[PDB]
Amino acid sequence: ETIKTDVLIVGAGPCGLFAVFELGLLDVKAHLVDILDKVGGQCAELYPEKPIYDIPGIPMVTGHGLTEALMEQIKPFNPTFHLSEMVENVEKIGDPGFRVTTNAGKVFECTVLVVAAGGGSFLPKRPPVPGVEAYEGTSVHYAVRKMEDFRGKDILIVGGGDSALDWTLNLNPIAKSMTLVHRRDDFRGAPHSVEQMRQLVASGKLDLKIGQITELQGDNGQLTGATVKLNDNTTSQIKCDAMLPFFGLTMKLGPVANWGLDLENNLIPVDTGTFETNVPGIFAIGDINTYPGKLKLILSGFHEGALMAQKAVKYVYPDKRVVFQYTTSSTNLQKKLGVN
């Protein structure tokens, strides 16, 4: 059956997470969906280890620390997360009400939709090697679902983080041959992955080429080889049936484009009092939105979530009059927070 919820939030970046808090203070429950395999969006994917200095009231917190703190704060409302899943279509079916379907065919029905999509859908980054589009699907792969597909062929893996290293090690001894290429001979993922890999190099079972891929060989989108340029300005050929780039993730607008929102420069325009869109029952908070003076700051997304929540309750509970209470002095609110 379809999963029914008061609110569906697209994204579990900082601004999507905090929205759980503000919606929870008003007894509005939420499911969140993110194509990333972790909560925290950009903070968690792009700068987890790095210090942030402009979260009001925290002199310094890390990307990861912030993520972990927001998860604490929202833990008392019982949000339901669906990670590694992509929101694809939205269809208006109530006044308001929305049917929202994920890439794995999961279906939600919610009263209110909150777009917290941020910079966009995180997706595998395309490596910067001319003519790349063509081999995509056939012989350039950004994921391994069935590893049996790669037995006894020549594999080019490009990259040098955990995913690259995991796939090199797992796809040997399946492979006929393989050539790992990274820009530099320096690996994060240490110590265990990095050393098993260097064991494969030293044993002749893996060939390492330090550099970057400058062109590809193959007709009808089927690979046969690749040119690498090494760090001595020398080129060299590689034999490969398959190239698997692991250059990390990147953010593209994605499905937000296909939901009949009146975008402006790939941003959703929004009322400055309620952070609602053009479509009643659809809100947008965080870096996905726009309004005069908008700033892509975490702290703004917070404000935006708080004001959105005020509007979204009136759709979820229309007969109920909202009485403004403070978290510090209201025991009703403290009861919702699980403070005795």
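One-based numbering along the sequence shown.
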| query | finding |
| --- | --- |
| Mean Cα B-factor comparison, 115 to 123 or 92 to 100, giving the higher one as deposited | 92 to 100 |
| Segment of higher mean CA temperature factor, 104 to 112 or 182 to 190 | 182 to 190 |
| Candidate set 167, 247, 77, 81 [ranked by C-alpha B-factor, highest] | 167 |
| Options 265, 234, 73, 139 - largest CA temperature factor per the record | 139 |
| Third assignment of residue 316 from its chain's C-alpha B-factors | middle |
